Structures are given as structure tokens and as C-alpha cells.
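Working notes, structure below.
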Amino acid sequence: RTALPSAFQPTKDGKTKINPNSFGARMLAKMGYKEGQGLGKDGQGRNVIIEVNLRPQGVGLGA
Amino acid sequence: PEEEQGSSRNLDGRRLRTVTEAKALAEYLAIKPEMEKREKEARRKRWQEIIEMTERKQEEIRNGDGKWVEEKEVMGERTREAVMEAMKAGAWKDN
Amino acid sequence: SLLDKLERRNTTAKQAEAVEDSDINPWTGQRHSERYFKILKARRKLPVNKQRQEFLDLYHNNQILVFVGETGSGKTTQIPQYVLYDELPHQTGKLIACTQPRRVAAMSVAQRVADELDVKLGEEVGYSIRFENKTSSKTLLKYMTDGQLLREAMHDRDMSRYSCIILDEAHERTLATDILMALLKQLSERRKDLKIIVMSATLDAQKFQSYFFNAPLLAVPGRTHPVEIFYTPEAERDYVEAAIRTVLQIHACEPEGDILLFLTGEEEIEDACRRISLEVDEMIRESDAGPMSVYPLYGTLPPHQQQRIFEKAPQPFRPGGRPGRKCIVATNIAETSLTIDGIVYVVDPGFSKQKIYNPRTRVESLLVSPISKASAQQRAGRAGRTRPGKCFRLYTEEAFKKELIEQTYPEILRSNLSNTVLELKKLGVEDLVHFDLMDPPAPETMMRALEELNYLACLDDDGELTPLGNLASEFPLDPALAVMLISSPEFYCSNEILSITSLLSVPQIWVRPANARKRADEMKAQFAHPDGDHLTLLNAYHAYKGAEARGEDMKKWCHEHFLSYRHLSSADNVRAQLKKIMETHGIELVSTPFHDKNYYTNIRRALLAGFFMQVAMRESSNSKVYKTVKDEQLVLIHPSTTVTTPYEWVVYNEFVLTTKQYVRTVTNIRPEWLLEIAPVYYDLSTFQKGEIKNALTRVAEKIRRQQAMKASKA
């Protein structure tokens, strides 16, 4: 079996890029995924993952 | 504007800076005992934590690497392999 | 009979009420009791029976329906009984399914339905949970969790055994709930004979109708006691101090009534409880304030702690003085599905601990995030249950209107989708991106999940599910744990690896109380092993099994050794289920000898084969910081690790992102052993940056040179 590259490759800037040569990217392209548009029946899903906010401990809402 | 005209007077002949300073001293008298207590137990807790760090280092001294431990493991497996090849080839020369 | 007289999809509400009020119950040919009559009278008095005719008409006229109703209206219980009566499962042979978010809540709903229908639990009304299937062949209504529904869909996506499926508590937006909703939408698009019902308690009825393509929406009315909502004049930096001051002000000035405060963590809740106790003692000493009972309800509480939190408030010190109060500092338990009697005051700091899984480095964390408008509304609804209440928030009204989100983030975006992708592949969803999903995950997250499945051999390069992927989908565990259990037969440590996987699937059994930290550390050192945290957990499980065989009490032994008896029992049940699945699938169970010196090496090799993706290497000999190869993550070792000496390679079962990046549950392994276990993942030809991969390539070259020397000498 060929060594499939990781889908989320971390660059030098700290950002994770989606490698199109990955097995997961190839499977998504075969299924019908489009760049910049979410999946689903009508593409109404979120196109980005949920980012955790680094709020201070013991800090109220809106602070 | 009152800060600009702090030396001017009210209708009752009182300086606006004295009105402001009376209000500020009222606030200070309202807040002073509780912040005195706050800094008191702040000192207590802070140098109590300093103490606790000192006895945790004392206990660390009282009870006292990776390349080391995997070097030990690799020579152990290599010595075992030497043992098996030695009695596979018949290297009995003990005395 | 009543069921023969009632027609399928045409039964009237009056006919259903007459059948329920009849003295002969035809579910089992039995006689109605006084408790059953009282339950029927309560259901009739509830607002569900008032709209039961409209609900039956909507279910008859539409295959997919959404019912939005307030809590306590009876949508969880009265709707499924009426749905089953209209469906007439005796004339169809298919049961009714009730999808719930929590297994305990599903079991409670099934017990309530059985009590209302005057039938035994599991005979007519059944419950399905993880490793717990309390159902029989005569069951018509079965309450199951979202994960159980997903497993049933993976086993048979046709869903021929279920005629009508009602998914309740859809506002939680769980990943398994969303997968079940997508599967139900696909089943409704395929065959029109299946009935789909979505029960909601929020204002997302329009969104649910848009997801279900303009499904019929029925609204159940009904109000409760009033709650006055107050907001802070400004945002406070010290939420804990602001909550303590608000609780003190409510005790000193506000009237009698229990106060529930929103905390974030267990240690913070304990510190706030200690501070509140000291403040109440000072107030009793100086101003002679009323008594206050502090109760913690954080994420780590026992049943005794829950009972003490649910207990009554303390009495006043003197008659006619300040009345006693109960201050319950809860983290997220009291936000929803909690009924605390006497609760009048609510303190909402606006911060709560939520779990988020970043797929950029595949790191799972429990971080404090701002609360949502749905969470604030849930807290306001929880406050003032039996009487008028007051809820004060530590955020401005404009901040809660604008900065606070309307709904919380979903578990699909808060976790991974590898298990969902494996379940879809097992069910037959080849087009995962083109699958009919209302809220599908990100394409990058889906690609990462498929790449992880390909690395764990769950899917091929074309995305097709292989026999290993089918076995992993059949096994009720993670794909990595399934791969570890499959590869354990090669390492001849199948029983130990299955026990370790069961312990990893079960919650943490290590108990470290604040007042017994030294005893917990002594017990952990006594039951610990130098090979790794997984070896220490296996030794603790072996000691618990030996104590059970010797006849000591399991709970007493767990309390003496700072262990969790419930977690140990869950791990034992998971190990028994895994052994049964392995025996069904033909997987051999072998264990290395205790006197053999290769047992620990075989266990480490099996762990490396199972979890070679989460492997960390030390950056330097003088630095304790390790570098996990997953997106080059710089982390450390957790303080709960039992390894005194750090290893060259540490296989980590869990990665926790905090203020200090640490990795827990780390087992010792070598780079050569990791490369032998997973040559495809650790291939030097496809190895990226950096020096860790260079050292792995150097180790591979040394192994190749050793093999060449052995071939030359042989």
C-alpha cells in the first residue's frame, strides 16, 4: 500500500492546508466535494471547523 | 469642565474641587477596610504559597534519561539474542 | 380488540383515548391498574393530549413531521404512545424507535412509558444503550440513544425493523443525532413507508422544516412561572469573584430561595465553595446572616454529592431573621434537564467548559468559552421552576444580544468524523460529500477523517470499506482501538490489549481528591508500572480482578486504592463485550506469559500498531518537551503519568490542550518498533519535516544495515 499523505499538512506559518493528493481529498473529490462550499444535500453545512476561543479562566461573557 | 474649573465656586460658596475631594474621600472611607483585609490575606496566601513551594522542594530533595533507558533495553534484547545464538551454535566454554 | 378496532394511520384521538381508558389493555391482554389510570389522567390533563388530534392528523398527512414544545408538555412520552397506537405495530411487525441524546434519559423515558402503559420494562417498552439491550421480541416502543440508532443504521441502513422513528432533544446538535437525522432523511427519500418525527424545544422549527424540506410543524403551547432577567452594568474580569459577590448580596438582601451559580471547572467550583463558606462564616460572625449550604455540581461529582445538592436548604438560625439558603455551584448539569426544588436565584457568569477538537493538529481540549443565548434561556428556564424567580447574568444585555450566539456549536464540528465515515461506509454511503446531510461537517475535516481511516486501514485508497473497516464498524469502539484489538493476535497479547482498550473506552478510574491527594498518589505509585500509563492501568485492572477473585468488596477496594468502582465495572463490561465480539468474529485470544520477558515488548508493539498516529518524540536530551508527529505538535507529559523516565517514543492515547500542553496516557515505544508496526504511516520516502522523521529514517537505515549483516552472517 502506498503511503498516503496527511490531509491537513501544517505549514511554516502554523496554518493547516488541505493537500489535494491525500487519500481523503481524493475520496472527497470522488464523492463530489467542492472547494469553498460545504457538503450535504444543499451545501448548507459549515465550511469550516469550530474554533475554540482562548477566553481567560474565571472571565465573564463579553469581557 | 468641573475639573477645569475646580477652583471656582458653587452657589453655596463651596469649591468644586472640594466637592470632588469630599466625594473621593467618602469613597475611600467606604473601600479602605475591605481592601486592607484583601491585601492582608493576599500577603498571607502569597507567602504561604512560597512556604509550600519550599517544602515541596525539600520533599523533592528528601526523596531525590530516555537515551539511557532505551540503550539499556536495546542492550538487554541484544544480550538475549547473543544468548540464543550462543546455545544455537553450541558455545559452551564455561568453567 | 382495541388494536383491531383502531385503523393504521387513521385512528382518531377520541378512539385512542377510549382505548387508553378501557379497563382491558390490549398491549398484553391485561387489566388496567390505578397507577395506569392516574398516568392516563395526567397525560389527558397535560397539553399533549389537547394537541394529540392535530399531531395524529399531521402524522397521517405527512411522513416527516416536527413537533416543537416546551419541557414537561409530554412530547417525550405521550407522542410515542399515540404514534404507536396510530401505527398499530401488531399489524405491521415493525417497532417504534425513540432516539434520545442520553442513554440514562432514554432508559428513564422507557421506564416512564412502561409505567404509563402498565407493562413490564423490556416486554412492551424497551431500552437500548451501550452494551445494554433491555428489549424482547414483543417490544413495540424502544427508547435508544443516538449512538445506538447510528449502530443500528450501520448494521441495517434499510431500517425495516422500525416503522416510525421519533428523535427527541434535537436541540443538542450532537454528531450522532445529526447522523441519525441524515439517515432518517435518506430513508424517507428512499421509501415513504417510514415515519419520521423530530421533537424540539427551541425556536429552530423553521430550520428543522427547511432541513426536512418543509415538513409539517406542530407547536405545543404551555407556559411556566415568571423569571425576571437582570444583566450586569458592565463585563467583569473576575467572573468567580462577581458570582461570589452576587451570591453574598442575594443572601444578605434578596428573599428566601435557593441560588444556583454557573461555574466552569471542578477545582474552580471547589475554591468558590470554600470562599462562599468562609464568607458565610464571616457574615454569621459579624452581621449574623442566615445559614448557607454550599453544594458542588461540577463535572466530577458522586451520587452522594448529587443527592446533597438536591437536598433541602438549611433552616434559619433564628425565627424571623434571615432565612437559610442553598447555594448550588453547578457547571453545566443544572443548565438543562435539571429540576431543583426551591431554586429562585440564578447567577450566570456566561462561561462554561466546552469540548472542541481542532483538526489542524487533531487536538481535543476542554476550554472555557462564552455561553450562548440558548444556554442563557435554558438557565433562565431552570431558575424559578416552582415559583417566580430571578436570574442575574454577569454580561450586558447588548453583549448577550450580539456577542452571544443563538445556539451552541455542534458535536460534529466539536469532534472528529472518522467513526461517522466508517459507519457511512458500512451502511453503503459511497458519496459522503454528496450524502443528504442537513448540517454536514467541513470538507477538510471529512478528508482528514478519511485519511485517518486509510491510515488505520478502515478504508482503501478509493474510499471503499474493506473487511478490516467492516470489522471496525461492527466493533463498538474507536477505529484505532479496533485496529489494536485486531493486531493484538499477532503480538499474542490479545487479552491485555482488549482490557487496555476497554479501560480507554470507559471513563478515567483514577480518583485524586483534594483532601486525599497524598493517598491517591501513594495508591497510584503502588499500582503503577514503569513501562507506561497503559501498563499501570492494566496492572490496576489486574489487581482489581484479583481482589474480585479473592472476594474483597469491589467498591471498598476501589475506595482504598483511590479507584472508581463504576469505571472498573464499565471497563469489565466493555472487555466482556469485546471478547464476545472477538469470539463471534473468530479473533483468537492469546496472552504472553508473566515470566516471559517479551510480554511488555509485545504489549508495547501492539499499542504502537494500534495508535502509531499519536506518537511523540523528545526534542532534546536536556528538554522534556516532546514532539508528536501529528502536524508537528510540541507538547509535554501529563503530571498523572506513571513513567518516571520519559521514553524515546511515547504513544499517547489522549492529548489534552490546556495552558500547558501535556499528553496523558503515554506508553513507552521505540522508533524502530513504531516503524515495524506501521511502515505505511512511518514511511521514510513520504516522511515530511523534520528532524524527528530524519531520526526515524536513520533508525530505519540502522535496522536495514543490521538485517544486511544478519543476512551476510546467515
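None of the figures in this text is laboratory data; all of them are computed from the coordinates on show. Here Cβ is always computed from backbone atoms with ideal geometry, including for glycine, and neighbour counts include all displayed protein chains.
Here the range C:237-306 was treated as a single set of alpha-carbon atoms; its pair distances binned every 5 Å from 0 give 3, 16, 27, 26, 17, 10, 2, 0 percent.
Spin-label pair B:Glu85-C:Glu189: with each label point 7 Å from Cα along the Cα-Cβ axis, the two points sit 6.3 nm from one another. Working note: 222 nm ellipticity from helices only, DSSP H runs with n ≥ 4, each -39,500 (n - 2.57), summed and divided by the residues of the protein assembly as shown, gives -14000 deg cm²/dmol to the nearest 500. Multiplying each eigenvalue of the alpha-carbon gyration tensor of the range C:160-218 by 5 and taking the square root yields semi-axes of 18, 13, 10 Å, largest first, rounded to whole angstroms. The GluC sites (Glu not before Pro) of the range C:489-598 that meet both conditions, a loop assignment by DSSP and at most 15 other Cβ atoms within 10 Å of the site Cβ, are C:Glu552, C:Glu588. Put in order of Cβ neighbour count within 10 Å, fewest first, the listed residues C:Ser287, C:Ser73 become C:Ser287, C:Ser73. On C-alpha positions alone, give me the angle between the axis of helix C:239-252 and the longest principal axis of chain C, in degrees, nearest 10. The angle comes out at about 30 degrees. Based on the reciprocal of the average 1/r between different C-alpha atoms, the Kirkwood radius for the range C:201-270 equals 16.5 Å. Across the range C:19-91, the convex hull enclosing all Cα atoms gives 96 Å³ per residue.
The percentage of C-alpha pairs in the protein assembly as shown whose separation is greater than 50 Å is 28%.
Assuming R0 = 45 Å, what is the FRET efficiency of C:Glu54 and A:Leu54, from their Cβ-Cβ distance, to the nearest 0.05? Here the calculated transfer efficiency is 0.40. Could you run the Debye sum over the Cα atoms of the range C:568-714, one equal point scatterer each and no solvent, and tell me log10 of I(q)/I(0) at q = 0.21 Å⁻¹, two decimals? Summing over Cα pairs of the range C:568-714 leads to -1.32.
With just the Cα atoms defining each centre, how far is the range C:240-285 from the range C:629-690? Give it in Å. Cα centroid to Cα centroid, the span is 43 Å. The label point for C:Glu256 and the one for C:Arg8, both projected 7 Å from the Cα toward the Cβ, are 5.9 nm apart. Shielding of peptide A:29-37 by partners, expressed as the average count of other chain Cβ atoms within 10 Å per residue Cβ, is 5.
Other protein chain C-beta atoms within 10 Å of residue C-beta, averaged over C:108-120: 0. Taking other Cβ atoms within 10 Å as a rough exposure proxy, C:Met144, C:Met159 sort from fewest to most as C:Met159, C:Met144.
At q = 0.10, 0.16, 0.25 Å⁻¹ the log10 of I(q)/I(0) for chain B amounts to -0.69, -0.90, -1.15, computed by Debye summation with a single uniform scatterer per C-alpha, solvent ignored. Per-residue packing, averaged as other Cβ atoms within 10 Å, sorts the ranges C:602-615, A:43-56 into the order C:602-615, A:43-56, beginning with the highest.
Sorted on the mean count of surrounding Cβ atoms within 10 Å across their residues, most packed first, peptides C:348-355, C:459-466 read C:348-355, C:459-466. A DSSP coil position with no more than 15 other Cβ atoms inside 10 Å describes none of the chymotrypsin sites (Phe, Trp or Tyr not before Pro) in the range C:221-297. When the P(r) is computed for the range C:150-258, the part past 24 Å accounts for 51% of the Cα-Cα pairs.
The order of C:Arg223, C:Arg52, C:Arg103, going from fewest to most other C-beta atoms within 10 Å of their C-beta, is C:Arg223, C:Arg103, C:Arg52. Counting Cβ atoms of other protein chains within 10 Å of each residue's Cβ and taking the mean over peptide A:7-16 gives 5. Summarise the long-distance tail of P(r) for chain C by giving the % of C-alpha pairs beyond 38 Å. I get 46 percent for the Cα pairs in chain C exceeding 38 Å. The calculated FRET efficiency for the pair C:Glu552 and C:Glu588, based on their C-beta separation and a Förster distance of 30 Å, comes to about 0.40. Among the listed pairs C:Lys373/C:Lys402; C:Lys5/C:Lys120; C:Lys630/C:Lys689; C:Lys14/C:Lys41, those with a Cα-Cα distance over 19 Å are C:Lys5/C:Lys120. Relative to the compact-globule estimate of 2.2 N^0.38 Å, the Cα radius of gyration of the range C:1-128 comes out at 0.99.
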